Every structure is written in structure tokens, then in C-alpha cells.
Amino acid sequence: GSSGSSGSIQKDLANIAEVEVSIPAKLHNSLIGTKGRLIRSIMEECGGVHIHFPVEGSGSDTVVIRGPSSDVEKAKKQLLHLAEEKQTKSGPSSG
Numbered sequence: 002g003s004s005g006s007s008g009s010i011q012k013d014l015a016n017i018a019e020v021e022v023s024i025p026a027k028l029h030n031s032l033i034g035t036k037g038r039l040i041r042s043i044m045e046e047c048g049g050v051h052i053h054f055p056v057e058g059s060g061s062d063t064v065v066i067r068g069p070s071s072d073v074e075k076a077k078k079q080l081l082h083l084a085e086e087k088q089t090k091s092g093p094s095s096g
């Protein structure tokens, strides 16, 4: 018999990279802001990515972001820092 296999690769790549993160809804509202500024600014500063936030009603603590990885990675690292910061309590955490 003959398997007939090959050893070649393909240029499988995607322009847009959808990355999700684990964040509570209690923080979302805060991150988003009153007029979607805290988020709007980040979307621009980073480049112009899109961020999707779940509705408290549904009960989903997951966020979906769209855009170029190069930026997505920046928008994510920014959301994490803030999300955590927002949480006001005794003994803050530096980063």
C-alpha cells in the first residue's frame, strides 16, 4: 500500500483576530462608561477595534473584541488593567 502523504504547509492567515476575555458584568458598565467614552477612547487610541459587551440580563461575563491582533492585544491588556482597577477596596494592587 501507499499512504501518499505530503510535507507542505499553507498560508492560512486571517486579517481580523477575534479575541475574548473573562470579565464580570459589574465591571463592564464601569469600563464602558456613562457615554461609552472610557471604551471609545481606547478603541481609537489603540487604532479602532470593536468591543462587544454582554447584557446583564442574559448573564454572560464574556467579552468579544474584533480587529487586528497587534491592536487587540493592546486593547485587551488595557481592559484588564482597568477592569481590575475599577474594583475599589482596601489595599490596591500595582501593575
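In terms of the working numbering, the sequence shown opens at residue 2 and continues consecutively.
Each residue gets a CB set at the ideal place from its N, CA and C atoms; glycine is no exception.
If I'm right that residue i touches residue j with Cβ under 8 Å, what's the distance once you round it to whole angstroms?
i, j, result
"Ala84", "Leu28", "4 Å"
"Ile17", "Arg67", "6 Å"
Could you have a look at residue i and say whether DSSP puts it in helix, strand or coil?
i, result
"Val22", "strand"
"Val56", "coil"
"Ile10", "coil"
"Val73", "helix"
"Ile40", "helix"
"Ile33", "helix"
Whose C-alpha, out of the options, is nearest the C-alpha of residue i?
i, options, result
"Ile43", "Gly92, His82, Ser23", "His82"
"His51", "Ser71, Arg41, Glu57", "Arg41"
"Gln88", "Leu14, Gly48, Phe54, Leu32", "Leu32"
"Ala26", "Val56, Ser91, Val73", "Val56"
Quick check: residue i and residue j, are their CB atoms within less than 8 Å of each other?
i, j, result
"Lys77", "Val20", "yes"
Exercise for the section: Evaluate the contact criterion for the region 59 to 69 versus the region 3 to 11: three or more CB pairs, one atom per stretch, below 8 Å. Expected result: Using a C-beta cut-off of 8 Å, the region 59 to 69 makes no contact with the region 3 to 11, since fewer than three inter-stretch Cβ pairs fall below that distance.
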